[PDB]
Amino acid sequence: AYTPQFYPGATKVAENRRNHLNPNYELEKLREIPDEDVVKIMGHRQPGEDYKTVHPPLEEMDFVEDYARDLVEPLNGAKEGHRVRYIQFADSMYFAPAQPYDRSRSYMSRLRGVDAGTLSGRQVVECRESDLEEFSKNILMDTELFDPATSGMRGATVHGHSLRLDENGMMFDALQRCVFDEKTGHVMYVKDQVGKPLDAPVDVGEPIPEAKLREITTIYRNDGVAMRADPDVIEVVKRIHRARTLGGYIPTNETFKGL
Amino acid sequence: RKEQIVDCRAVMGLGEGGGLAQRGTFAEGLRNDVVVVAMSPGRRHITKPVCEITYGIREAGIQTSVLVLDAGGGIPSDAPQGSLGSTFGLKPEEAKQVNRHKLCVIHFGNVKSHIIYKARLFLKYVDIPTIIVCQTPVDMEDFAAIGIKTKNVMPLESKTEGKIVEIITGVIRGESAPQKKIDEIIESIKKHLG
Amino acid sequence: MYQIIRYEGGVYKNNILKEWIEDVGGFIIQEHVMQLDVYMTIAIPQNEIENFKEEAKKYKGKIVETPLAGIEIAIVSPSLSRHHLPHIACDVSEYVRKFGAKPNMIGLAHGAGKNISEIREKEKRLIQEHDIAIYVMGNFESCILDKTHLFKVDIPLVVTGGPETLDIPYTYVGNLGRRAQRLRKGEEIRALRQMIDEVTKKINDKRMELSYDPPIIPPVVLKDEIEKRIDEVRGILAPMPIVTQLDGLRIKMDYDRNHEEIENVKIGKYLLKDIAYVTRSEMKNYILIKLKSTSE
Amino acid sequence: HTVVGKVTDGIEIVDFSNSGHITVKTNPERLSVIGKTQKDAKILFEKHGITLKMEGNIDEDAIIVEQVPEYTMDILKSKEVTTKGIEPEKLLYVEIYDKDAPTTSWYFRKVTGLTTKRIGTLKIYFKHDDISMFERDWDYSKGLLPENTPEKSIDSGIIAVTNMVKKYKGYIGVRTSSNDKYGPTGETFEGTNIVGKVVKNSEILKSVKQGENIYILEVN
Amino acid sequence: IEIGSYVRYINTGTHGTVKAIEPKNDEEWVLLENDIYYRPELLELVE
Amino acid sequence: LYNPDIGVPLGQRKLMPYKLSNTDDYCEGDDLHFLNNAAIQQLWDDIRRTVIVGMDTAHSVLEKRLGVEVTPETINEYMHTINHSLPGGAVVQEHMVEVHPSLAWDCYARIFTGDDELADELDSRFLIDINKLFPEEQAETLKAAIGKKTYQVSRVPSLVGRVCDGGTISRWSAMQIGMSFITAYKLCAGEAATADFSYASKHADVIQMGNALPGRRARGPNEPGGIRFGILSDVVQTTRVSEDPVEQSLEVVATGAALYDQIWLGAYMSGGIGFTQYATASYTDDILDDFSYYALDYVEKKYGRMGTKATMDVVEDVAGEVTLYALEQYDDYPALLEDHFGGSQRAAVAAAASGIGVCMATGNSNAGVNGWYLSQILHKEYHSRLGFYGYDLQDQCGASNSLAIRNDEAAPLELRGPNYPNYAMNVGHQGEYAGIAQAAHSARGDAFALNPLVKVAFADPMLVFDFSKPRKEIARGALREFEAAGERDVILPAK
Ligand code: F43
Ligand SMILES: C[C@@H](OP(=O)(O)O)[C@H](NC(=O)/C=C/CCCCSSCCS(=O)(=O)O)C(=O)O
């Protein structure tokens, strides 16, 4: 077969990107947020009540015979007809453990039937609600992909991915969904991901220490790990650029001899 | 005609070619009669509609303080379905600095639903009569619809300890206020102050 | 000993820097947090200046040398009306603030006019309580020349006006008249810098006068001791609760209610009443502290 | 800053030294005899002219475990010490993995008090059969990242601290048997980091009630 | 003006039925169906 | 202790004034909006209302068909006539109405020629003197390119383009040119030769600022979507007043941003707030200036201003070095990062610097865009983010399309424009593309980029907008001290 690498490079940032892309790499978990608490922060449904549907179950509806379409096993949320919802994250440029394009690539490499979208200060994945909650709790929130200080589950107003951190090392928030409890040293979500207040704040653990952030971040920085210190990634990027240029000029084996 | 001394703020302005005031700062006018509250030090609020009211009051013979709110832009978090874009608020020190004045003059914007809830949050902690200077024509009853004490239209269940004592419409943000608006504000202050 | 500077940086890890300043014996005179950046006016010993520069460059901060961050200036305008206050006067005050000074707008009751201008005794004393006074005059040579009786105070003086050159027996800076726009042109900026240079020269001269017979205790450390001892200074709502002057302090608390407490504050081995002149201020009935020299 | 004293003479070594070590003599000798025997405490305290009394084990070779008052200034101002010894078999012997789990070992030393004295105290918090969990300090359990997590079944007599992953972060515990699923504190292996083991003295964890303190000695 | 009447606010035209009259601070006040006090001088009868 | 009614202060940086690159003026961000800045509006008005007509075929018709003799005196009389007719004065057809001269004070008809003997005996009032306005070498280059040909520049009033659209300008100029021709040479008012004049001035000898966009785009000529990058490079006149190649490229970048990204994209193809902070990112603070000067220093240190021929290796080297430097600068200085808070701003600035550096190394504009696209896809891997989603459409297909030869994808960057299929939608690319096209020629010290006639026409001192220093004029407009044309206060009541 083909044993996949996942990313070029020898620095710690390249290794962390490879770890995020690797589906067989078990992400280290750093907190325990109950499923109901994740559902509460997500803010789409009330925990304990059944999922709303968009269409009848796939067994009830009638579809034409399609051999190729029936080769793919559907998600359970698809089978039950659950509606498609989203979860959104904002990542700080100051050593957040996961970054937008890294998040999107890892999502499309690790999860089934997901819709990932990448912006400079935003990253959203959409899926059927039940499976979305399952992998939001298991992978997105409990593991090292999430730091309650430098990253934040937030829709609506996202801003602060490029601003400096505040006095507690937390990313700037214009709505203040999460606040720092100095008495216990934990970050508490006082609002859900869109901004409506929660009846009971939910404890999402304590901010990751800065040394661990340096060790697990996926961003290149002059102060932590410079791209100049990783010439292998630059070489691969330049190779991709040259291959694109040569293919767009004249796509033959002769013009690709100058690769 | 008496000497008027102002306690200038302790911090400088916004850069070189920018404004002269700074967000979240207070400038006491010694004898505390009127405090003008500006939502921000920006061009939309400072020296175009606010320092004009300030010099109008100071010309009328009434000492004036100017307070620039730390977070004056947006709508309060208690607004329906929360706030959007930005969150409006008032600090306890800001409230204490306001509450030592006989009267307050506060400058608001265009959208009615924003102004009503901003005034409610402001008067939740301010206990002196205030004058709302806004652009849009807002009636002195929509504030009472959400619980605000109002001179003409009181609410059954008041959620504020401050009284909206006058509403003045036609003052645009970032534009020089004509002498007629200044005269109206001065007359309202004089008749509702002493 | 204690040279006063301004640190401009972020609020992140600013508490560690404040701890370092406390450890080396400095004082945080001023603190303001805007949104995510904090401006600190700090007085630290001269032997730790390079150490503090190294520490500031670790937090990606900026050190701005403030040559006037120990004095309070009385900007005297003829009135607080639209003619002088909302423009020129604020520009002068804010430019003074840009170099660390603490300004106070003094709007004369009867300062406007040519032959009807007069200055009261109370305004005179209030101006004299400061370190230096800046007068913001008009833009007619005859009007200014027929107005010299306004600038009668035994305080260092800088007069600003419209005409480029005046023939008054005081320091004069031209091209700063009564205007109506924000001072942003190159000529206006140059005139503001000239006024700053004049006030800096006068302040440095006065600093040498004071250094001939130094006070028993520096004003900054006296302010720190008062803050540590008096527990009502954190309840002051004024812009600067305690103002550091050239040779004293201004405590913005009621004199009738707190002069006995202020006087009975033990510094070192002395009682404050025996080393400083504590008196009521014409400024809103505040407390004015004037330090004595080592000669007495 | 809490001033604890002054340097009387020989200031210049402090004045001119910029790095390294400086030899310092403390005029009041530290009168904290916790890793010593009873006769050593007797002779040292009588050479300082302090009235002495015994509380626990009286034998001359009995290891001191607690002294009242435990502070040198209090001892000097009161001129009396109450020294408590322990039975030779009641002292628990532990070995701490400082190289394997630096942060967890530092936390364990801070919470048990081994940073200051030679004998640390562990308080029993919860008990059931094979499992005995100790109290935590919710002041030193901050950077408890997963450090030394088990890879195979945990063997008996292993001290562990639950890391920040679990809800009960910082609780220390030990069990006298072995299982392949749960650590000494009832959490799964990803939520426990091994800090050390009990090396010599055992069969006292099964006869200590809740709330009682056991005393430990590091043997490296 | 009495309980059960129909009044409209002159400034906005809000229609409602008078619920009660609750004088306070030697001043008359009119309560409408929207649980909001009004002033008699700013209200007038309609039919 | 958690009080939910404290609020969150926001937008501290946006409260501070915006400096303008290479100037000393500070302005608010609200004053740089194209609707609030009369200088940007006058820039677009001056570009829109300019049409260049070659008055050589008309002279040949007058000489060979109508038997009329054309001499410099007759040309002077014609210029006198057209300067009266073009604003809307009457020359024939008794009983006409006329437009108010106060509304057309910005209307000029100018003449320039590459023939020095003819330019000698021409009324200097109506003459755009190439010798006087350009340095000796640049004047010689422009005359050699233009040749012994005479051209007329018509600047119809701004009010005309404000009431109507941009397709009005060529027709206005053509009608007035025909009228002035038939009334200055005493011809019949309407014959076959009149049709010859009309056809010449309508399409044969006319030069439009922008081509029409029929079909899906649905726009007339002389709209900002039809202006190619080389044409906008030739509009900016910094090349004849300064010798700093980076300064010339950056003035072209500022003009291109203010035209394309602000006007064309945030108004013509969008609405409301528009894209002001996307465009001002390239000309407010010296960030782009510092990056471009670093690029020039690096290129001159290892290659030279034209020391190498465009190859792939030099493109990779220069673009990668400049992109790494720019991103390192963003990392090192939080002030820079908080100034360019959006990822698109940062991506555009770094890629513009990289493309300018490649152009200064090789002198080829397509190599410049190739470097720009390499910078974009390297920025993406460096920071794991590029911009708003929808930003990197053209940046993904760019590398393939930069050196392409296929019909829909090939064009020299001077011949590209907002109607290039990849560039037709997204903000943050076009002004920097124009700057890269200009930098391709600033490296060689060229007098012009695409059209000498446009360069000479916009060297006219009577234009309302000063194109020598676009950033200074933008700053003046932001400070409410720029006088703009097109205002109609003589026909309006007192307010
Ligand atoms: C507030 C919104 C809502 C939406 O539909 N679009 C917005 C707002 C919209 C409105 C702002 C006016 C208003 O009343 O909303 C307009 C003007 C749309 C337009 N016509 O071009 C705009 N943005 Ni947007 N927008 C901008 C920007 C940005 C940056 C901000 C980065 C940050 O983290 O702070 C990001 C895009 C990105 O993530 O890469 C961004 C997002 C967003 N932008 C999201 C974010 C919240 C959402 O999830 O709903 N803008 C900028 O990067 C600067 C240029 C700026 C544009 C206006 C200007 O050029 O002056 C403006 C451009
Ligand atoms: C005319 C329109 O074509 P299209 O919408 O049919 O593609 C075309 N507009 C676009 O392509 C897209 C418009 C969005 C504006 C640019 C976004 S800047 S701020 C939004 C950030 S994001 O959250 O949307 O990613 C244009 O030319 O303006």
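How each quantity is defined
- Residues numbered from 1 in each chain as written, not as in the entry; some residues may be left out.
- Chains lettered and ligands numbered in written order.
- Part of a larger assembly, values for the part shown.
- Heavy atoms only, no water.
- Residues with missing side-chain atoms left out of burial classes, pairs and counts.
- Contact = heavy atoms within 4.5 Å.
- Buried area = accessible area lost by both parts, 1.4 Å probe.
- Salt bridge = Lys/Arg side-chain N within 4 Å of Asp/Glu carboxyl O.
- Helix = DSSP H or I, 4+ residues; strand = E, 2+ residues; numbered from the N terminus.
- Nonpolar A, V, L, I, M, F, W, Y, C, P; charged D, E, K, R; others polar.
- Pairing = 2+ DSSP bridges.
- Patch = residues over 30% accessible without salt bridge, like charges linked within 9 Å, V, L, I, M, F, W, Y side chains within 5 Å.
- Areas by Shrake-Rupley, 256 points an atom, 1.4 Å probe, with all protein chains shown as cover.
- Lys, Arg positive; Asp, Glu negative; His and termini not counted.
- Charge placed at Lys NZ, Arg CZ, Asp CG, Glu CD.
- Buried < 20%, exposed > 50% of the residue type's maximum accessible area, 1.4 Å probe, protein only.
- Near = heavy atom within 4 Å.
- Polar contact = N/O pair within 3.5 Å; in protein donor to acceptor, adjacent residues only side chain to side chain.
- Right-handed = clockwise from strand over helix to strand, strands pointing away.
- Axes fitted to C-alpha atoms, helices over the stretch in contact; angles between N-to-C directions.
- UniProt positions renumbered as here; feature names shortened; annotations may be inferred.
- Left-handed = near helix turned anticlockwise from the far one by under 90°.
- 1 Å grid on protein atoms, 1.4 Å probe; cavity = no way out; pocket = protein on both sides within 12 Å on 5 of 7 lines; lining within 4 Å.
- Points joined across faces, edges and corners; volume = space filled by probe spheres on them.
- Arc of directions from axis to C-beta.
- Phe/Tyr/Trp six-rings, centres within 6.5 Å; stacked < 30°, edge-to-face > 60°.

The next point concerns the interface of chain B and chain C. One widely used convention gives an interface's size as the accessible area the parts lose upon coming together. Facing 38 residues of chain B, the contacting portion of chain C comprises 42 residues. Summed over both sides, the interface between chain B and chain C buries roughly 3,500 Å², with carbon and sulfur atoms accounting for 57% of that surface. It is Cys8(B), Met12(B) and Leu20(B) that lose the most area in chain B upon contact with chain C, and together they represent 20% of the buried surface on that side. Our enumeration of links across chain B and chain C arrives at four salt bridges. With a closest N to O distance of 3.1 Å, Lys284(C) and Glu28(B) form a salt bridge. Broken down by secondary-structure element, the contributors of at least two residues to the side of chain B that touches chain C are β1 (4–7), β2 (25–27), α1 (50–60) and α2 (92–99) of chain B. Taken together, the residues of the side of chain B that touches chain C sort by class into twelve nonpolar, 13 polar and 13 charged. Pairing between β1(B) and strand β6 (residues 102–107) of chain C: four bridges, direction antiparallel.

So, about a negative patch on the surface. Residues and elements named next belong to chain D. A contiguous patch of negative charge on the surface is contributed by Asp 59, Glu 60, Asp 61 and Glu 87. Inspection of the secondary structure assignment puts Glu 60 in the loop between β1 (51–54) and β2 (63–68). The exposure class assigned to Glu 60 is partly exposed, which follows from its relative accessible area of 40%.

It is worth spelling out the site of ligand 1 at this point. Around ligand 1 there are 18 residues in total, and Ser120(A), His159(A), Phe275(F), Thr276(F) and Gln277(F) lie nearest to it. Note that an oxygen atom of ligand 1 is positioned 3.4 Å from one of the backbone N or O atoms of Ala156(A). In the model, an oxygen atom of ligand 1 is placed 3.1 Å from a nitrogen or oxygen of the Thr276(F) main chain. For the shell around ligand 1, a count of residues per class yields seven nonpolar, ten polar and one charged.

Moving on: unusual backbone geometry. Look at the link from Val68(D) to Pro69(D): it is a cis peptide, with omega at -5 degrees. Structurally, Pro69(D) can be placed in the loop between β2 and α3 (72–78). We note that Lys284(C) has phi near 50 degrees; this positive angle belongs to a residue other than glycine. Tracing the chain through its elements places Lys284(C) in the loop between β14 (276–280) and β15 (287–291). Residues other than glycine seldom take positive phi values, yet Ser384(F) does so here, at roughly 60 degrees.

Looking now at the pairing of strand β3 (residues 122–128) of chain A. Residues and elements named next belong to chain A. For β3, a buried count of five out of seven residues is recorded, marking the element as mostly surrounded by other parts of the structure. Where strand β1 (residues 84–91) meets β3, six bridges bridge the pair, whose relative direction is antiparallel. Residue pairing across strands places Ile 87 opposite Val 125, the latter belonging to β3. Pairing geometry for strand β2 (residues 115–119) and β3, over five bridges, is antiparallel. Residue pairing in the sheet places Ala 116 in a bridge with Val 125 of β3.

Moving on to the interface of chain F and chain A. The interface is formed by 42 residues belonging to chain F together with 42 residues belonging to chain A. For the pairing of chain F and chain A, the buried interface totals around 4,100 Å² over both sides, and the portion due to carbon and sulfur atoms is 57%. Three residues stand out in chain F for area buried against chain A, namely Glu381(F), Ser384(F) and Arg385(F), and they jointly supply 17% of the buried area on that side. On inspection of chain F and its partner chain A, the count reaches seven salt bridges. Linking chain F to chain A there are 22 residue pairs in polar contact. Where the side of chain F that touches chain A is concerned, the elements lending two or more residues are α14 (312–332), α15 (334–339), α16 (343–362), α17 (365–383) and α18 (393–402) of chain F. Classifying every residue of the side of chain F that touches chain A by side-chain character gives 22 nonpolar, seven polar and 13 charged.

Now for the pairing of β6(C). All names here are of chain C. Extensive coverage of β6 is indicated by the burial of six of its six residues. Taking every second residue as pointing to the same face, both faces of β6 are buried, with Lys 102, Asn 104 and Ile 106 on one and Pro 103, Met 105 and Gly 107 on the other. Summarising the sheet, strand β5 (residues 72–77) and β6 pair through six bridges and their orientation is parallel. Residue pairing in the sheet places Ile 75 in a bridge with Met 105 of β6. Following the chain from β5 across helix α3 (residues 85–97) to the adjacent parallel β6, one finds a crossover that is right-handed.

A few words on the site of ligand 2. Around ligand 2, the structure places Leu119(A), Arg122(A), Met269(F), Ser270(F), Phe275(F), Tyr278(F), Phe388(F), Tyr389(F), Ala424(F) and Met425(F). One of the side-chain N or O atoms of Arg122(A) is found 3.4 Å from an oxygen atom in ligand 2. At 3.3 Å, a side-chain N or O of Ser270(F) approaches an oxygen atom of ligand 2. Each residue belonging to the shell around ligand 2 can be placed in one class, and the counts come to eight nonpolar, one polar and one charged.

Next up on the list: the sheet that holds strand β4 (residues 108–113) of chain F. All names here are of chain F. With respect to topology, four strands assemble into an open sheet ordered β4-β5-β3-β6, the strand pairing being antiparallel. With partners counted over all chains shown, the strands left at the sheet margins are β4 and β6 (206–208), one partner each. Put simply, the sheet's adjacent strands are angled 25 degrees from each other on average, direction ignored. Pairing of β4 with strand β5 (residues 150–155) involves six bridges; the strand directions are antiparallel. Each bridged residue has a counterpart across the sheet, and for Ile 111 the counterpart in β5 is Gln 152. In the packing of helix α10 (residues 192–204) onto the sheet, contacts are made with β3 (50–54) and β6, and the angle to β6 comes to roughly 25 degrees.

The next subject is the UniProt feature "binding site: coenzyme B" (unreviewed entry) in chain F. Residues and elements named next belong to chain F. The UniProt entry lists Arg 171, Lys 202, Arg 216 and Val 427 under the feature "binding site: coenzyme B" (unreviewed entry), expressed in the numbering used here. The greatest C-alpha distance among the annotated residues, which extend across 257 residues, is 33.7 Å, indicating that they are dispersed rather than converging on a single site. In this fold, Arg 171 is placed in helix α9 (residues 168–184). Looking at where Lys 202 falls in the secondary structure, it is placed in helix α10. Accessibility expressed as a relative area gives 27% for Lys 202, which makes it partly exposed. Sequence-distant contacts of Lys 202, that is, excluding residues within four places in its chain, are made with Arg 171, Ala 174 and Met 175.

Here we take up the packing of α9(F) against α10(F). Residue and element names in this part refer to chain F. With their axes 9 Å apart at the nearest point, α9 and α10 run at an angle of 145 degrees to one another. When the axes of α9 and α10 are compared, the crossing they make is right-handed. Judged by residue contacts, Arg 171, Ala 174, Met 175, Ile 177, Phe 181 and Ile 182 of α9 engage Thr 194, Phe 197, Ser 201 and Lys 202 from α10.

Approximately 330 Å³ is the volume attributed to the largest cavity. What lines the largest cavity is a set of 18 residues, among which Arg9(B), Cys51(B), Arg58(B), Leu85(C) and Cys90(C) lie closest to the centre. Residue assignment for the lining of the largest cavity shows that the elements contributing at least two residues are α1 of chain B together with α3 of chain C. When residues of the lining of the largest cavity are assigned to their parent elements, the largest contribution, five residues, is made by α3(C). Taken together, the residues of the lining of the largest cavity break down into twelve nonpolar, three polar and three charged. Size it by volume and the second largest cavity reaches roughly 270 Å³. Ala10(B), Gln30(C), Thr41(C), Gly100(C) and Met240(C) are the residues nearest the centre of the second largest cavity, which is lined by 20 residues in total. A per-class count over the lining of the second largest cavity returns eleven nonpolar, six polar and three charged.

This next bit is on α10(F). All names here are of chain F. Among all positions in α10, only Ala 193, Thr 194, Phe 197, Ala 200 and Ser 201 are buried. Projected down its long axis, α10 carries its buried residues within an arc of 125 degrees, all on one side. In this structure, the buried side of α10 is in contact with β3, α3 (57–64), α9 and β6.

For the coordinates displayed, the defined rule picks out 34 aromatic pairs over all chains. With 5.1 Å between their ring centres and 65 degrees between their planes, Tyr9(E) and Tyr38(E) make a pair best called edge-to-face. Here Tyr38(E) lies in strand β5 (residues 37–38) and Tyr9(E) lies in strand β1 (residues 6–9), a separation of 29 residues in the sequence. Overall, the relative accessible area of 0% leaves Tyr9(E) in the buried class. Summarising the aromatic geometry, the rings of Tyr373(F) and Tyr433(F) are spaced 6.1 Å apart at their centres and angled 65 degrees between planes, so their arrangement reads as edge-to-face. Taken together, the positions of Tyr373(F) in helix α17 and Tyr433(F) in helix α19 (residues 430–442) put the pair 60 residues apart, joining distant regions of the chain. Across the pair, exposure class does not vary: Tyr373(F) and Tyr433(F) are buried alike. A network of ring pairs unites the aromatic residues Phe229(F), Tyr260(F), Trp372(F), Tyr373(F), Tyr420(F), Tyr423(F) and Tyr433(F) as a single cluster.

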